[PDB]
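Q: Following this message is one structure expressed as structure tokens.
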Amino acid sequence: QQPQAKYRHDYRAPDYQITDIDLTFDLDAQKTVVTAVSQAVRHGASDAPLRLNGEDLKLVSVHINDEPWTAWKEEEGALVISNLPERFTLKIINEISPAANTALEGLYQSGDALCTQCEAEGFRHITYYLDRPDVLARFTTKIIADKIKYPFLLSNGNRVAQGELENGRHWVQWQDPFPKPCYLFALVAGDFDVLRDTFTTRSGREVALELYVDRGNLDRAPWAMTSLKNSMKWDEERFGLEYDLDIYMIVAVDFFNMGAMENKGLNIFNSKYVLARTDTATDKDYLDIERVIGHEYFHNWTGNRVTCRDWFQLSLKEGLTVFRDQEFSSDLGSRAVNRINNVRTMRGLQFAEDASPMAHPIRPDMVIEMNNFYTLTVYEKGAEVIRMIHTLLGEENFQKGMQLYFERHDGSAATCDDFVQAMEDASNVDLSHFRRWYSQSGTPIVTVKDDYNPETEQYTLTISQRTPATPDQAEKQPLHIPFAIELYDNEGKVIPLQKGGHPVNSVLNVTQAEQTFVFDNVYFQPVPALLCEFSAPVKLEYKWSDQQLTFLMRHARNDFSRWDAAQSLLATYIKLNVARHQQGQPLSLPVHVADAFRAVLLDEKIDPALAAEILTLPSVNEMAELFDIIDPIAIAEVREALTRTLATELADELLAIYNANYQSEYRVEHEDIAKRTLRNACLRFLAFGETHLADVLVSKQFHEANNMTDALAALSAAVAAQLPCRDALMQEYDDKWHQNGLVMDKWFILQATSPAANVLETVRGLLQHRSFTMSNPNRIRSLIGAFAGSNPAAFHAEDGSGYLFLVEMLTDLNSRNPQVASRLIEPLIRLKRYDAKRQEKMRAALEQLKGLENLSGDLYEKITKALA
Ligand SMILES: [NH3+][C@H]1CCc2c(Br)ccc(-c3ccccc3)c2CC1(O)O
Ligand code: NA
Ligand SMILES: [Zn+2]
């Protein structure tokens, strides 16, 4: 029987608490023996039994105060112990097999090392325990292993004991003084190179930093170490927070499902977010390592010192920590580029999730498998909700709320409501209506109409809002939407906002279904910038003219507004030509639209970081969100045709800007990164010029590149334009990098996203490639996931071959690695967005998976919602 769902309104405090736990591991890959001594305290009724969670455990013994216990019974996923006193010592001994753990949750094998992953509910795969985040205990961990095979034995906290044994075994004991929920426990055993450094806090605490990597990779760790130090200094300056322990350890592992994990004092990272060298890593990799390193470090306060009362409160730490890593990257790098890409993700990927059968509020109300809810909504929309609080309060009040949040809840497990109340009490801003953002799903739609009265010199905005019903909620109500505006006159000068002789704040409080806002002393009919900086996560409906948008592309004060205006301009003609493609007609584009992008290329006063993003066309997933019914083949071909048209009309300007931004020296510095993004944005268009010219330029950049950023941009362009040099370049890349999995991932992504007519045939053949393996999540997502998620034109082939391919892959991964399978099934859940003939084939595919033997709960939850 598949699992029953759990509901947020059923939360009840635990009948039993555990205050301290002493763990002993006798490590072995085939068999590990765990001994756990816990000090327990009963808070519930005297006749309530102790219910411990446990999965795939071989129980060996159960003692209460050293007495072998007889009043216990094992049930599905639990050990139930009865007739207990109010205080006692529980001792459990059980066995596990890390070598058989292909799901990568609990204690498992990563190559030759042993490591753990315990969030959300993985610790119960190690021993019987109260595997819930509102139980906080002080841990002490003793590890015993073969010295030659496992010379390094790591756990949370500080080393407090160590010894050697006979038969070549040794041991180390660790102690972590901060109580924690078990999902923050970590253990690592293996042989590593160690990069060691130090960081001194502003108050004088010296912290030892230790980065563990595979033998031979010390020259790939310096940037990660630098990013850690940068994270520690920034948190002090911006939030006034210092690290609270003596050591900070990071371990890079090749086999990892969840990107990275914030285990107290012992983070475990996917190698993709640690290792970097200029010849193997791109600018995006460097900046991703920075953001992930920061994200995990910032969890030390927003997550660890204050954790979650229950898993429905996940956004309490993830939304706030994402917001923190966004501010970190924005302060240190380009704020405009960070915001633009964060908005592309919201519009392009999160809106669709909110328009799917899996839609949920940032604080879910119902969950079957908690691992299915580490989502764009909980993370990305969660951060937008935090940012809206920052917008309503301001930086000063916002930090006051942070400090009150920590004062009240440091050392406990809190809820989302606790956080909002702290911000409300500290700032004196009423957030009662704002709380609805936590409980209501779906994307609000904000409609705006304006009117200028020359007689009275008044400008009136009539703003309405509505949220369409979602599969999970039939009731929707208006929200508190912060709506930021700016009014520009005929010269591009900002018009002061005022009413009745008093200034009016530029952040409007849109709180009702319909409302009017009147402004005085509007001397000239203005051009509005609406929803500035994406001030709320909503869809905007305003009948722009092409001239208003090109005006904003020229005169808007904030760089984000200039990019946003260009997106609105493109959207109108993306929709035009998709309709034309469906009727067999070629692309049509007014002359004045191409000229607006010509002016961007030739504007010497525009930040090249911004110009590069305006010259980056929306992705196929961003384009899909513009349509009621997705035609993935028309979207893909219209994107190419638009690229070809602009490449021909702007050929001369593109080549000039491309040559002007050449850089002989390669530096990982934001100004250098910006020029390089603008150069490679021009290269995308130039690849679609005359064949002989494009093939020479692309091949030249590939062979002369002194860094992987420029080499991969050329290789990507050769695949995208199907240039004659493609096959040769792709073979050289393979011949050179086939032994480096991280570098080959980029190669698989290009194969899976290729516009070639035989892409599926090539993808299937790559299942036997020397660098691919179904045992590594990174390889799976780079080839299979990129195909189903990032090549919808091929995944949605009219013959249904894409659906059948994915069914085969998921049949394997459902038994091997359900967590990775659940991420790969997401393209099938969106069937209702497509045409009826495609829906029929996709339902048939879901029905096949629905009838699998040993269907995991991960897929059962999604399949059930999809077929409803
Ligand atoms: N608590 C863990 C859960 C694992 C997880 C998943 Br699943 C998906 C995305 C991220 C992540 C998001 C942003 C930056 C870096 C990483 C994480 C890491 C985490 O949130 O620290
Ligand atoms: Na900055
Ligand atoms: Zn996180």
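Please note that chains go A, B, ... in the order of the structure tokens, that every chain numbers its residues from 1, and that ligands are numbered from 1 in the order shown.
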Residues at most 10 Å from ligand 3, using only C-alpha atoms and all ligand atoms? Could they come as a PDB file with C-alpha atoms, in the first residue's frame?
A:
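The file below, out-v7.pdb, is the result:
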ATOM      1  CA  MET A 258      21.031  17.275  -3.564  1.00  0.00           C
ATOM      2  CA  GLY A 259      23.689  19.733  -4.748  1.00  0.00           C
ATOM      3  CA  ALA A 260      25.023  20.592  -1.301  1.00  0.00           C
ATOM      4  CA  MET A 261      24.088  20.204   2.359  1.00  0.00           C
ATOM      5  CA  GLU A 262      24.597  22.439   5.402  1.00  0.00           C
ATOM      6  CA  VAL A 292      26.400  27.612  -3.342  1.00  0.00           C
ATOM      7  CA  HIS A 295      24.128  29.479   0.560  1.00  0.00           C
ATOM      8  CA  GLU A 296      25.434  26.643   2.729  1.00  0.00           C
ATOM      9  CA  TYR A 297      27.390  28.981   5.001  1.00  0.00           C
ATOM     10  CA  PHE A 298      24.388  31.272   5.495  1.00  0.00           C
ATOM     11  CA  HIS A 299      22.351  28.249   6.649  1.00  0.00           C
ATOM     12  CA  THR A 302      19.060  30.660   8.980  1.00  0.00           C
ATOM     13  CA  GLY A 303      18.597  26.918   9.314  1.00  0.00           C
ATOM     14  CA  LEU A 314      10.867  24.326   4.946  1.00  0.00           C
ATOM     15  CA  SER A 315      10.615  27.757   3.300  1.00  0.00           C
ATOM     16  CA  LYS A 317      15.031  28.480   6.059  1.00  0.00           C
ATOM     17  CA  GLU A 318      15.207  27.955   2.287  1.00  0.00           C
ATOM     18  CA  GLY A 319      13.390  31.103   1.175  1.00  0.00           C
ATOM     19  CA  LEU A 320      15.391  33.214   3.622  1.00  0.00           C
ATOM     20  CA  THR A 321      18.714  31.553   2.759  1.00  0.00           C
ATOM     21  CA  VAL A 322      18.106  31.884  -0.993  1.00  0.00           C
ATOM     22  CA  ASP A 325      22.712  34.131  -1.297  1.00  0.00           C
ATOM     23  CA  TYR A 374      12.439  21.026  -2.531  1.00  0.00           C
ATOM     24  CA  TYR A 379      13.097  28.168  -2.840  1.00  0.00           C
TER      25      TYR A 379
END
Q: Name the residues in contact with residue A:396 at a cut-off of 12 Å, using only C-alpha atoms, excluding same-chain residues fewer than 3 positions from it; report them as a list in words.
A: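 The contact residues come out as residues 238, 239, 389, 390, 391, 392, 393, 399, 400, 401, 402, 403, 423, 426 and 427 of chain A.
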Q: Pick out the residues sitting within 9 Å of residue A:697, and hand them over as a PyMOL selection string; count only C-alpha atoms, and ignore anything fewer than 6 positions along from it in its own chain.
A: chain A and resi 683+686-687+714
Q: Filtering to N, CA, C and O atoms, could you give me those residues as an mmCIF file, in the first residue's frame?
A:
data_model
loop_
_atom_site.group_PDB
_atom_site.id
_atom_site.type_symbol
_atom_site.label_atom_id
_atom_site.label_comp_id
_atom_site.auth_asym_id
_atom_site.auth_seq_id
_atom_site.Cartn_x
_atom_site.Cartn_y
_atom_site.Cartn_z
ATOM 1 N N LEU A 683 28.460 36.378 -30.479
ATOM 2 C CA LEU A 683 28.870 35.168 -31.187
ATOM 3 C C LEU A 683 27.683 34.269 -31.507
ATOM 4 O O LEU A 683 27.687 33.589 -32.538
ATOM 5 N N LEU A 686 26.292 35.661 -34.685
ATOM 6 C CA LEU A 686 27.240 35.538 -35.789
ATOM 7 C C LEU A 686 27.322 34.107 -36.296
ATOM 8 O O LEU A 686 27.635 33.881 -37.471
ATOM 9 N N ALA A 687 27.049 33.128 -35.433
ATOM 10 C CA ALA A 687 27.052 31.736 -35.859
ATOM 11 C C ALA A 687 25.994 31.460 -36.920
ATOM 12 O O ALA A 687 26.106 30.465 -37.645
ATOM 13 N N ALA A 714 31.895 28.716 -28.160
ATOM 14 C CA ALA A 714 32.079 28.378 -29.567
ATOM 15 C C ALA A 714 31.493 27.006 -29.881
ATOM 16 O O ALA A 714 30.791 26.830 -30.884
#
Q: Which one of A:518, A:609, A:362, A:252 sits closest to residue A:270 if you count only C-alpha atoms?
A: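 Nearest to residue A:270: A:252.
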Q: Name the residues, by chain letter and number, that sit within 7 Å of ligand 2 using only C-alpha atoms and all ligand atoms, and give them as a VMD selection string.
A: chain A and resid 330 to 335
Q: Please identify the alpha helix (DSSP H) residues within stretch 357-579 of chain A (assignment by DSSP from backbone atoms) and present them as a JSON list (two decimals) with N, CA and C atoms, in the first residue's frame.
A:
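Dumped to states.json:
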[["chain", "number", "residue", "atom", "x", "y", "z"],
["A", 376, "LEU", "N", 11.12, 24.89, -6.90],
["A", 376, "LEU", "CA", 11.24, 26.29, -7.31],
["A", 376, "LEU", "C", 10.32, 27.18, -6.50],
["A", 382, "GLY", "N", 9.76, 31.49, -2.50],
["A", 382, "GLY", "CA", 10.00, 31.79, -1.10],
["A", 382, "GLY", "C", 10.88, 33.01, -0.92],
["A", 383, "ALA", "N", 11.93, 33.12, -1.73],
["A", 383, "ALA", "CA", 12.83, 34.27, -1.63],
["A", 383, "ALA", "C", 12.15, 35.55, -2.09],
["A", 384, "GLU", "N", 11.31, 35.47, -3.13],
["A", 384, "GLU", "CA", 10.56, 36.64, -3.56],
["A", 384, "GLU", "C", 9.64, 37.15, -2.46],
["A", 385, "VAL", "N", 9.09, 36.25, -1.65],
["A", 385, "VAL", "CA", 8.25, 36.67, -0.53],
["A", 385, "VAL", "C", 9.09, 37.38, 0.52],
["A", 386, "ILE", "N", 10.28, 36.84, 0.82],
["A", 386, "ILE", "CA", 11.19, 37.53, 1.74],
["A", 386, "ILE", "C", 11.55, 38.90, 1.19],
["A", 387, "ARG", "N", 11.84, 38.98, -0.11],
["A", 387, "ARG", "CA", 12.21, 40.25, -0.72],
["A", 387, "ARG", "C", 11.08, 41.26, -0.65],
["A", 388, "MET", "N", 9.83, 40.80, -0.75],
["A", 388, "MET", "CA", 8.69, 41.71, -0.60],
["A", 388, "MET", "C", 8.64, 42.30, 0.81],
["A", 389, "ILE", "N", 8.97, 41.50, 1.83],
["A", 389, "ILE", "CA", 9.08, 42.05, 3.18],
["A", 389, "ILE", "C", 10.17, 43.11, 3.24],
["A", 390, "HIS", "N", 11.32, 42.82, 2.63],
["A", 390, "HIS", "CA", 12.40, 43.80, 2.57],
["A", 390, "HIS", "C", 11.93, 45.07, 1.87],
["A", 391, "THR", "N", 11.10, 44.93, 0.84],
["A", 391, "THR", "CA", 10.61, 46.10, 0.11],
["A", 391, "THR", "C", 9.67, 46.93, 0.98],
["A", 392, "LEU", "N", 8.80, 46.27, 1.75],
["A", 392, "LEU", "CA", 7.83, 46.99, 2.57],
["A", 392, "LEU", "C", 8.46, 47.61, 3.81],
["A", 393, "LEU", "N", 9.51, 47.00, 4.35],
["A", 393, "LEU", "CA", 10.14, 47.47, 5.59],
["A", 393, "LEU", "C", 11.35, 48.36, 5.35],
["A", 394, "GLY", "N", 12.14, 48.08, 4.32],
["A", 394, "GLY", "CA", 13.43, 48.72, 4.16],
["A", 394, "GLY", "C", 14.53, 47.97, 4.89],
["A", 395, "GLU", "N", 15.76, 48.19, 4.43],
["A", 395, "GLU", "CA", 16.91, 47.47, 4.97],
["A", 395, "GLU", "C", 17.02, 47.63, 6.48],
["A", 396, "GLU", "N", 16.80, 48.85, 6.97],
["A", 396, "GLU", "CA", 17.00, 49.11, 8.40],
["A", 396, "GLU", "C", 16.02, 48.30, 9.25],
["A", 397, "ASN", "N", 14.72, 48.49, 9.01],
["A", 397, "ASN", "CA", 13.72, 47.72, 9.73],
["A", 397, "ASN", "C", 13.92, 46.22, 9.52],
["A", 398, "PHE", "N", 14.29, 45.83, 8.30],
["A", 398, "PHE", "CA", 14.44, 44.41, 8.00],
["A", 398, "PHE", "C", 15.49, 43.77, 8.91],
["A", 399, "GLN", "N", 16.64, 44.43, 9.07],
["A", 399, "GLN", "CA", 17.67, 43.90, 9.95],
["A", 399, "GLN", "C", 17.21, 43.88, 11.41],
["A", 400, "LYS", "N", 16.40, 44.86, 11.82],
["A", 400, "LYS", "CA", 15.85, 44.84, 13.18],
["A", 400, "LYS", "C", 14.98, 43.61, 13.39],
["A", 401, "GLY", "N", 14.22, 43.22, 12.36],
["A", 401, "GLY", "CA", 13.41, 42.02, 12.46],
["A", 401, "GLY", "C", 14.25, 40.76, 12.51],
["A", 402, "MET", "N", 15.33, 40.71, 11.72],
["A", 402, "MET", "CA", 16.26, 39.59, 11.80],
["A", 402, "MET", "C", 16.78, 39.41, 13.22],
["A", 403, "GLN", "N", 17.23, 40.50, 13.85],
["A", 403, "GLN", "CA", 17.81, 40.42, 15.19],
["A", 403, "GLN", "C", 16.77, 40.01, 16.22],
["A", 404, "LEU", "N", 15.51, 40.41, 16.03],
["A", 404, "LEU", "CA", 14.47, 39.97, 16.96],
["A", 404, "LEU", "C", 14.13, 38.51, 16.72],
["A", 405, "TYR", "N", 14.15, 38.09, 15.45],
["A", 405, "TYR", "CA", 13.95, 36.68, 15.12],
["A", 405, "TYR", "C", 14.98, 35.81, 15.83],
["A", 406, "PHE", "N", 16.25, 36.20, 15.78],
["A", 406, "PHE", "CA", 17.29, 35.42, 16.43],
["A", 406, "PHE", "C", 17.20, 35.52, 17.95],
["A", 407, "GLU", "N", 16.87, 36.70, 18.47],
["A", 407, "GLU", "CA", 16.73, 36.84, 19.92],
["A", 407, "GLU", "C", 15.65, 35.90, 20.45],
["A", 408, "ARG", "N", 14.53, 35.79, 19.74],
["A", 408, "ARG", "CA", 13.41, 35.01, 20.23],
["A", 408, "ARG", "C", 13.60, 33.51, 20.04],
["A", 409, "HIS", "N", 14.27, 33.10, 18.96],
["A", 409, "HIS", "CA", 14.22, 31.71, 18.52],
["A", 409, "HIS", "C", 15.57, 31.03, 18.39],
["A", 416, "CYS", "N", 7.16, 29.51, 10.01],
["A", 416, "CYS", "CA", 7.07, 30.68, 9.14],
["A", 416, "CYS", "C", 6.36, 31.84, 9.84],
["A", 417, "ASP", "N", 5.27, 31.56, 10.55],
["A", 417, "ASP", "CA", 4.54, 32.62, 11.24],
["A", 417, "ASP", "C", 5.43, 33.34, 12.24],
["A", 418, "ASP", "N", 6.29, 32.59, 12.94],
["A", 418, "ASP", "CA", 7.21, 33.22, 13.89],
["A", 418, "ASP", "C", 8.06, 34.27, 13.21],
["A", 419, "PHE", "N", 8.54, 33.97, 12.00],
["A", 419, "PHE", "CA", 9.41, 34.91, 11.29],
["A", 419, "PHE", "C", 8.66, 36.18, 10.93],
["A", 420, "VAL", "N", 7.45, 36.04, 10.39],
["A", 420, "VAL", "CA", 6.67, 37.22, 10.00],
["A", 420, "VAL", "C", 6.35, 38.07, 11.23],
["A", 421, "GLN", "N", 5.98, 37.43, 12.34],
["A", 421, "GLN", "CA", 5.67, 38.18, 13.55],
["A", 421, "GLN", "C", 6.87, 38.98, 14.03],
["A", 422, "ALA", "N", 8.07, 38.40, 13.92],
["A", 422, "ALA", "CA", 9.27, 39.11, 14.33],
["A", 422, "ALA", "C", 9.50, 40.35, 13.48],
["A", 423, "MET", "N", 9.32, 40.22, 12.16],
["A", 423, "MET", "CA", 9.43, 41.38, 11.28],
["A", 423, "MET", "C", 8.34, 42.40, 11.58],
["A", 424, "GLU", "N", 7.13, 41.93, 11.88],
["A", 424, "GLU", "CA", 6.03, 42.84, 12.17],
["A", 424, "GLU", "C", 6.27, 43.61, 13.47],
["A", 425, "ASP", "N", 6.67, 42.91, 14.53],
["A", 425, "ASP", "CA", 6.85, 43.56, 15.82],
["A", 425, "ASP", "C", 8.04, 44.52, 15.81],
["A", 426, "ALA", "N", 9.11, 44.17, 15.10],
["A", 426, "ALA", "CA", 10.31, 45.00, 15.11],
["A", 426, "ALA", "C", 10.13, 46.28, 14.30],
["A", 427, "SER", "N", 9.36, 46.22, 13.21],
["A", 427, "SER", "CA", 9.23, 47.35, 12.30],
["A", 427, "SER", "C", 7.98, 48.18, 12.53],
["A", 436, "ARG", "N", -1.05, 35.93, 3.77],
["A", 436, "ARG", "CA", -1.72, 35.11, 2.76],
["A", 436, "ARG", "C", -0.76, 34.62, 1.69],
["A", 437, "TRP", "N", 0.38, 35.30, 1.49],
["A", 437, "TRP", "CA", 1.36, 34.81, 0.53],
["A", 437, "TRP", "C", 1.86, 33.42, 0.90],
["A", 438, "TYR", "N", 1.83, 33.08, 2.20],
["A", 438, "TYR", "CA", 2.33, 31.78, 2.65],
["A", 438, "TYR", "C", 1.33, 30.66, 2.45],
["A", 439, "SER", "N", 0.03, 30.97, 2.35],
["A", 439, "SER", "CA", -1.00, 29.94, 2.33],
["A", 439, "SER", "C", -1.71, 29.80, 0.99],
["A", 546, "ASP", "N", 4.85, 49.93, -28.65],
["A", 546, "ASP", "CA", 6.25, 49.66, -28.94],
["A", 546, "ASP", "C", 7.13, 50.86, -28.59],
["A", 547, "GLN", "N", 6.59, 52.07, -28.72],
["A", 547, "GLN", "CA", 7.37, 53.28, -28.50],
["A", 547, "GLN", "C", 7.61, 53.54, -27.02],
["A", 548, "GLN", "N", 6.62, 53.22, -26.17],
["A", 548, "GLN", "CA", 6.84, 53.32, -24.74],
["A", 548, "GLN", "C", 7.99, 52.42, -24.31],
["A", 549, "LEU", "N", 8.03, 51.20, -24.85],
["A", 549, "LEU", "CA", 9.05, 50.24, -24.44],
["A", 549, "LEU", "C", 10.44, 50.66, -24.92],
["A", 550, "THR", "N", 10.56, 51.05, -26.20],
["A", 550, "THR", "CA", 11.85, 51.52, -26.69],
["A", 550, "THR", "C", 12.30, 52.77, -25.94],
["A", 551, "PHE", "N", 11.35, 53.62, -25.55],
["A", 551, "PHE", "CA", 11.67, 54.77, -24.71],
["A", 551, "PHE", "C", 12.27, 54.30, -23.38],
["A", 552, "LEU", "N", 11.64, 53.32, -22.75],
["A", 552, "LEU", "CA", 12.16, 52.81, -21.48],
["A", 552, "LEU", "C", 13.51, 52.13, -21.66],
["A", 553, "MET", "N", 13.73, 51.48, -22.81],
["A", 553, "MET", "CA", 15.03, 50.89, -23.08],
["A", 553, "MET", "C", 16.12, 51.96, -23.18],
["A", 554, "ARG", "N", 15.74, 53.20, -23.48],
["A", 554, "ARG", "CA", 16.69, 54.30, -23.62],
["A", 554, "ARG", "C", 16.85, 55.11, -22.33],
["A", 555, "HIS", "N", 15.78, 55.29, -21.55],
["A", 555, "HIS", "CA", 15.76, 56.30, -20.50],
["A", 555, "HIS", "C", 15.53, 55.77, -19.09],
["A", 559, "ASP", "N", 18.65, 49.56, -14.42],
["A", 559, "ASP", "CA", 19.03, 48.68, -15.52],
["A", 559, "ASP", "C", 18.04, 47.55, -15.70],
["A", 560, "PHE", "N", 17.44, 47.05, -14.61],
["A", 560, "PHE", "CA", 16.47, 45.98, -14.75],
["A", 560, "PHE", "C", 15.29, 46.41, -15.61],
["A", 561, "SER", "N", 14.84, 47.66, -15.45],
["A", 561, "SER", "CA", 13.69, 48.13, -16.20],
["A", 561, "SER", "C", 13.97, 48.17, -17.70],
["A", 562, "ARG", "N", 15.21, 48.46, -18.08],
["A", 562, "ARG", "CA", 15.55, 48.50, -19.50],
["A", 562, "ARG", "C", 15.51, 47.11, -20.12],
["A", 563, "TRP", "N", 15.98, 46.10, -19.38],
["A", 563, "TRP", "CA", 15.88, 44.73, -19.85],
["A", 563, "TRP", "C", 14.43, 44.27, -19.88],
["A", 564, "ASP", "N", 13.68, 44.58, -18.83],
["A", 564, "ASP", "CA", 12.29, 44.14, -18.75],
["A", 564, "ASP", "C", 11.47, 44.72, -19.89],
["A", 565, "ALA", "N", 11.71, 45.99, -20.23],
["A", 565, "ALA", "CA", 11.02, 46.60, -21.37],
["A", 565, "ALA", "C", 11.34, 45.87, -22.67],
["A", 566, "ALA", "N", 12.57, 45.38, -22.82],
["A", 566, "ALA", "CA", 12.93, 44.65, -24.02],
["A", 566, "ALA", "C", 12.22, 43.30, -24.08],
["A", 567, "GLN", "N", 11.96, 42.69, -22.93],
["A", 567, "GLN", "CA", 11.22, 41.43, -22.92],
["A", 567, "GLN", "C", 9.78, 41.64, -23.35],
["A", 568, "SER", "N", 9.14, 42.70, -22.85],
["A", 568, "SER", "CA", 7.77, 42.99, -23.27],
["A", 568, "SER", "C", 7.70, 43.27, -24.77],
["A", 569, "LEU", "N", 8.71, 43.96, -25.30],
["A", 569, "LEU", "CA", 8.74, 44.23, -26.74],
["A", 569, "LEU", "C", 8.86, 42.94, -27.54],
["A", 570, "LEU", "N", 9.73, 42.02, -27.10],
["A", 570, "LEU", "CA", 9.91, 40.77, -27.83],
["A", 570, "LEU", "C", 8.68, 39.88, -27.72],
["A", 571, "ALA", "N", 8.02, 39.88, -26.56],
["A", 571, "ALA", "CA", 6.90, 38.96, -26.35],
["A", 571, "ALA", "C", 5.84, 39.13, -27.42],
["A", 572, "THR", "N", 5.51, 40.38, -27.76],
["A", 572, "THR", "CA", 4.47, 40.64, -28.75],
["A", 572, "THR", "C", 4.77, 39.93, -30.06],
["A", 573, "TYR", "N", 6.03, 39.93, -30.49],
["A", 573, "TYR", "CA", 6.39, 39.37, -31.78],
["A", 573, "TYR", "C", 6.79, 37.91, -31.71],
["A", 574, "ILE", "N", 7.10, 37.39, -30.52],
["A", 574, "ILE", "CA", 7.22, 35.95, -30.35],
["A", 574, "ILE", "C", 5.86, 35.29, -30.55],
["A", 575, "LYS", "N", 4.80, 35.91, -30.01],
["A", 575, "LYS", "CA", 3.46, 35.36, -30.15],
["A", 575, "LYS", "C", 2.96, 35.50, -31.58],
["A", 576, "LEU", "N", 3.27, 36.62, -32.23],
["A", 576, "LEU", "CA", 2.88, 36.80, -33.63],
["A", 576, "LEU", "C", 3.42, 35.67, -34.49],
["A", 577, "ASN", "N", 4.72, 35.39, -34.40],
["A", 577, "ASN", "CA", 5.35, 34.46, -35.31],
["A", 577, "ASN", "C", 5.10, 33.00, -34.96],
["A", 578, "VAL", "N", 4.78, 32.69, -33.71],
["A", 578, "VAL", "CA", 4.35, 31.33, -33.39],
["A", 578, "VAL", "C", 3.03, 31.03, -34.08],
["A", 579, "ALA", "N", 2.10, 31.99, -34.09],
["A", 579, "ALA", "CA", 0.86, 31.83, -34.84],
["A", 579, "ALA", "C", 1.14, 31.72, -36.33]]
Q: So the first atom is atom CA of residue A:368 and the second is atom CA of residue A:41; what is the distance between them in Å, to one decimal place?
A: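 Distance reported for this atom pair: 29.2 Å.
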Q: Tell me which protein, DNA and RNA residues are within 10 Å of residue A:866, counting only C-alpha atoms, leaving out same-chain ones fewer than 6 positions away, and put them as number ranges by chain.
A: A: 356-358, 826, 828-832, 842-843, 846, 860
Q: Go ahead and write the selection's residues with C-alpha atoms as a compact mmCIF listing (two decimals), in the first residue's frame.
A:
# COMPACT_ATOMS: atom_id res chain seq x y z
CA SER A 356 0.77 22.55 -12.87
CA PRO A 357 -0.84 19.69 -10.92
CA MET A 358 2.02 19.96 -8.39
CA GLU A 826 8.39 16.57 -14.27
CA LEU A 828 5.34 14.45 -18.22
CA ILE A 829 3.24 16.06 -15.47
CA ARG A 830 2.70 19.14 -17.68
CA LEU A 831 0.62 17.20 -20.22
CA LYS A 832 -2.45 19.43 -19.83
CA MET A 842 1.60 11.35 -22.28
CA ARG A 843 -1.27 9.87 -20.26
CA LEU A 846 2.01 7.85 -17.08
CA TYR A 860 3.35 7.88 -7.03
